[PDB]
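*Asks:* Here you go, this is model31.csv (CSV, C-alpha atoms and all ligand atoms).
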chain,number,residue,atom,x,y,z
S,2,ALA,CA,121.7,77.2,69.4
S,3,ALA,CA,125.1,77.1,67.6
S,4,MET,CA,127.4,79.6,69.4
S,5,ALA,CA,125.9,78.6,72.7
S,6,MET,CA,126.6,74.9,72.1
S,7,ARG,CA,130.2,75.5,71.0
S,8,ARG,CA,130.9,77.6,74.1
S,9,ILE,CA,129.4,75.0,76.5
S,10,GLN,CA,131.4,72.2,74.7
S,11,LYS,CA,134.5,74.3,75.3
S,12,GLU,CA,133.7,74.7,79.0
S,13,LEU,CA,133.1,71.0,79.3
S,14,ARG,CA,136.5,70.3,77.8
S,15,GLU,CA,138.0,72.7,80.3
S,16,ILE,CA,136.2,70.9,83.2
S,17,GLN,CA,137.8,67.7,82.0
S,18,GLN,CA,141.2,69.1,81.4
S,19,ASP,CA,141.6,71.8,84.0
S,20,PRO,CA,138.8,71.9,86.5
S,21,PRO,CA,138.6,74.2,89.5
S,22,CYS,CA,139.9,72.4,92.5
S,23,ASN,CA,137.4,70.5,94.6
S,24,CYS,CA,134.7,70.7,91.9
S,25,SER,CA,133.2,68.5,89.3
S,26,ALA,CA,130.5,69.2,86.6
S,27,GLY,CA,129.0,67.7,83.5
S,28,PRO,CA,125.8,67.2,81.5
S,29,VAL,CA,122.9,65.2,83.1
S,30,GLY,CA,122.4,63.1,80.0
S,31,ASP,CA,122.5,64.0,76.3
S,32,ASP,CA,121.5,67.6,76.7
S,33,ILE,CA,124.6,69.8,77.0
S,34,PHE,CA,122.5,72.8,78.3
S,35,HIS,CA,121.6,70.9,81.5
S,36,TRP,CA,124.4,69.9,84.0
S,37,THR,CA,124.9,68.7,87.6
S,38,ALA,CA,127.9,70.2,89.4
S,39,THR,CA,129.5,69.6,92.8
S,40,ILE,CA,131.6,71.8,95.1
S,41,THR,CA,133.2,70.6,98.3
S,42,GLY,CA,132.6,72.9,101.2
S,43,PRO,CA,135.5,75.3,101.6
S,44,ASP,CA,138.1,74.4,104.3
S,45,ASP,CA,138.0,76.5,107.5
S,46,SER,CA,134.2,77.2,107.2
S,47,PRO,CA,131.1,75.6,108.7
S,48,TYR,CA,130.6,73.8,105.4
S,49,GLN,CA,134.0,72.0,105.4
S,50,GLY,CA,133.9,68.4,104.4
S,51,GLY,CA,130.4,68.7,102.8
S,52,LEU,CA,129.7,67.7,99.2
S,53,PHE,CA,127.2,70.2,97.7
S,54,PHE,CA,125.2,69.3,94.5
S,55,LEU,CA,124.2,72.1,92.2
S,56,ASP,CA,121.7,72.1,89.2
S,57,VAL,CA,122.9,74.2,86.2
S,58,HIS,CA,120.6,75.3,83.3
S,59,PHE,CA,122.4,77.1,80.5
S,60,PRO,CA,120.2,79.5,78.5
S,61,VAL,CA,119.8,79.2,74.7
S,62,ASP,CA,121.9,82.3,74.2
S,63,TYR,CA,124.7,81.4,76.6
S,64,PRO,CA,127.2,83.1,77.3
S,65,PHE,CA,125.2,86.3,76.7
S,66,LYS,CA,123.0,85.5,79.8
S,67,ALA,CA,124.0,83.7,83.0
S,68,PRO,CA,123.3,80.0,83.6
S,69,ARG,CA,120.7,79.4,86.3
S,70,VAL,CA,122.5,77.7,89.1
S,71,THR,CA,120.7,76.4,92.2
S,72,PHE,CA,121.6,74.1,95.1
S,73,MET,CA,120.1,70.6,95.2
S,74,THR,CA,121.8,70.1,98.6
S,75,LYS,CA,120.2,71.8,101.7
S,76,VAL,CA,122.5,74.5,103.0
S,77,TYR,CA,122.2,77.0,105.8
S,78,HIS,CA,123.3,80.5,104.6
S,79,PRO,CA,121.7,84.0,104.5
S,80,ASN,CA,122.2,84.2,100.7
S,81,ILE,CA,120.8,80.7,99.7
S,82,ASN,CA,117.1,80.0,100.3
S,83,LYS,CA,115.1,76.8,101.1
S,84,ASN,CA,114.7,76.2,97.4
S,85,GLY,CA,118.4,76.4,96.8
S,86,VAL,CA,118.1,79.8,95.0
S,87,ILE,CA,121.4,81.7,95.2
S,88,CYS,CA,121.7,85.5,95.6
S,89,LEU,CA,125.0,86.2,93.8
S,90,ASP,CA,125.5,89.4,91.8
S,91,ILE,CA,127.3,87.6,88.9
S,92,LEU,CA,124.3,85.3,88.4
S,93,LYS,CA,122.2,88.3,87.8
S,94,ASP,CA,123.0,91.8,86.7
S,95,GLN,CA,126.7,91.4,87.0
S,96,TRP,CA,126.9,88.5,84.5
S,97,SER,CA,129.7,88.8,81.9
S,98,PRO,CA,130.5,86.3,79.1
S,99,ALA,CA,134.1,86.2,80.5
S,100,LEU,CA,132.7,84.2,83.4
S,101,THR,CA,132.5,80.5,83.0
S,102,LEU,CA,130.6,77.9,85.1
S,103,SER,CA,134.0,77.1,86.7
S,104,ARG,CA,134.3,80.7,87.8
S,105,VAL,CA,130.7,80.6,89.1
S,106,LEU,CA,131.5,77.5,91.2
S,107,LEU,CA,134.6,79.3,92.6
S,108,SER,CA,132.4,82.4,93.3
S,109,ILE,CA,129.8,80.2,95.1
S,110,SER,CA,132.5,78.6,97.2
S,111,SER,CA,133.7,82.2,98.1
S,112,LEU,CA,130.1,83.1,99.0
S,113,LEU,CA,130.0,80.2,101.5
S,114,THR,CA,133.1,81.6,103.2
S,115,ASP,CA,131.5,85.1,103.4
S,116,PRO,CA,127.9,84.8,104.8
S,117,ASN,CA,126.7,88.4,104.9
S,118,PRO,CA,123.5,89.1,106.7
S,119,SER,CA,123.1,92.7,105.5
S,120,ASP,CA,121.3,92.0,102.3
S,121,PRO,CA,120.0,88.4,102.6
S,122,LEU,CA,117.8,86.2,100.4
S,123,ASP,CA,116.8,84.3,103.6
S,124,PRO,CA,116.1,86.9,106.2
S,125,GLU,CA,115.5,84.4,109.0
S,126,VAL,CA,118.9,82.8,108.5
S,127,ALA,CA,120.4,86.3,108.4
S,128,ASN,CA,118.7,87.1,111.7
S,129,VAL,CA,120.5,84.2,113.4
S,130,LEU,CA,123.9,85.2,111.9
S,131,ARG,CA,123.6,88.8,112.9
S,132,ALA,CA,122.4,88.0,116.4
S,133,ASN,CA,124.8,85.2,117.3
S,134,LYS,CA,127.5,84.3,114.8
S,135,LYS,CA,128.5,81.2,116.7
S,136,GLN,CA,125.0,79.9,116.7
S,137,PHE,CA,124.8,80.4,112.9
S,138,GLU,CA,128.1,78.6,112.4
S,139,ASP,CA,126.9,75.7,114.6
S,140,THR,CA,123.7,75.3,112.7
S,141,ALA,CA,125.5,75.6,109.3
S,142,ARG,CA,127.9,72.9,110.5
S,143,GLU,CA,125.1,70.7,111.7
S,144,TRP,CA,123.3,71.1,108.3
S,145,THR,CA,126.5,70.2,106.5
S,146,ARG,CA,126.8,67.0,108.6
S,147,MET,CA,123.1,66.1,108.2
S,148,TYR,CA,122.5,67.0,104.6
S,149,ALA,CA,125.7,67.3,102.6
S,150,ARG,CA,127.4,63.9,103.2
S,151,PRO,CA,128.9,62.5,99.9
W,1,CO,CO,118.1,70.7,86.4
Once you've parsed the file, please lay out its structure as structure tokens.

*Replies:*
Amino acid sequence: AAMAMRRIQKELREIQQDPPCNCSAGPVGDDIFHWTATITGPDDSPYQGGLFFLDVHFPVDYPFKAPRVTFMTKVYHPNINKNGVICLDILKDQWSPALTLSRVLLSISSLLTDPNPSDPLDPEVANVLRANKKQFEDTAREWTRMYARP
């Protein structure tokens, strides 16, 4: 428990003292291994202006394994599925203890600006993006409006 708790407490101080811009995060209740976070949709993207809620579960041996991070907000993107599961290399085999939740939230914001349909988690969303990028962006914008209001 111990090294993990001290690391998560340190990250929580850093969210209070020097958070990533346009993000917030903290424990749900009295369990520091369980957080809710938010990111604002990146400017100049179909997600701009949206407020996206994320569920964060830190493992017992954090930071030696990645937190599990999923969306609670519905979002239209080839690398996020209908259950909010995110396909992001650093949340899986490319996890490093030098990464923090703050860095993960920045990486997820970057992922929203770079929808890649070549290796998707949601192949149907990727099919729209590959076939008609404008159509994908329009739908992503509509979903931001419908489902990601603050
Ligand atoms: Co949760």

*Asks:* Give one line per residue of chain S that approaches ligand CO 1 (chain W) to at most 7 Å, naming the two atoms of the closest pair and their distance in Å to one decimal, counting all atoms listed in the file; sort by chain then ascending residue number and deliver it as a tab-separated table.

*Replies:*
residue	atom	partner	partner_atom	distance
S:35	CA	W:CO1	CO	6.0
S:36	CA	W:CO1	CO	6.8
S:56	CA	W:CO1	CO	4.8
S:57	CA	W:CO1	CO	5.9
S:58	CA	W:CO1	CO	6.1

*Asks:* Excluding region 81-86 of chain S and residues on its chain fewer than 3 positions from it, collect all residues at most 12 Å away from it, counting only C-alpha atoms, and give them as number ranges by chain.

*Replies:* S: 53-57, 69-78, 89, 92-93, 109, 112-113, 116-118, 120-127, 141

*Asks:* Using CA of residue 107 (chain S) and CA of residue 133 (chain S) as the two end points, give the distance in Å to one decimal.

*Replies:*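 A separation of 27.2 Å between them.
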
*Asks:* Using CA of residue 66 (chain S) and CA of residue 102 (chain S) as the two end points, give the distance in Å to one decimal.

*Replies:*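 Between CA of residue 66 (chain S) and CA of residue 102 (chain S) the gap works out to 12.0 Å.
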
*Asks:* When you count all atoms listed in the file, which of these residues is closest to residue 150 (chain S): S:48, S:137, S:96, S:34?

*Replies:* S:48

*Asks:* Just want the 8 Å neighbourhood of residue 103 (chain S), counted on all atoms listed in the file, with same-chain residues fewer than 2 positions away dropped. Output as a list in words.

*Replies:*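 Selected residues are residues 16, 20, 21, 100, 101, 105, 106 and 107 of chain S.
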
*Asks:* What does the structure give for the distance between CA of residue 33 (chain S) and CA of residue 80 (chain S), in Å to one decimal?

*Replies:* 27.8 Å

*Asks:* With only C-alpha atoms as the counted atoms, please give the residues lying no more than 6 Å from region 147-149 of chain S, apart from itself and same-chain residues fewer than 3 positions off, as a ChimeraX atom specification.

*Replies:* /S:51-53,144

*Asks:* Rank S:23, S:129, S:17, S:6 by their smallest atom-to-atom distance to residue 50 (chain S), using only C-alpha atoms, and report the top residue only.

*Replies:*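 The shortest atom-to-atom distance to residue 50 (chain S) comes from S:23.
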
*Asks:* With all atoms listed in the file as the atoms that count, which of S:104, S:37, S:29, S:65 lies nearest to residue 15 (chain S)?

*Replies:*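 The shortest atom-to-atom distance to residue 15 (chain S) comes from S:104.
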
*Asks:* Considering only C-alpha atoms, state which residue in the set S:67, S:114, S:10, S:59 is at the smallest distance from residue 91 (chain S).

*Replies:*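 Residue with the minimum atom-to-atom distance to residue 91 (chain S): S:67.
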
*Asks:* Restricting the calculation to only C-alpha atoms, which member of S:41, S:119, S:97, S:136 is positioned closest to residue 24 (chain S)?

*Replies:*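 Of S:41, S:119, S:97, S:136, the one nearest residue 24 (chain S), counting only C-alpha atoms, is S:41.
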
*Asks:* Using all atoms listed in the file, can you tell me which of S:12, S:19, S:138, S:32 comes closest to residue 64 (chain S)?

*Replies:*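 Once distances to residue 64 (chain S) are computed over all atoms listed in the file, the minimum belongs to S:12.
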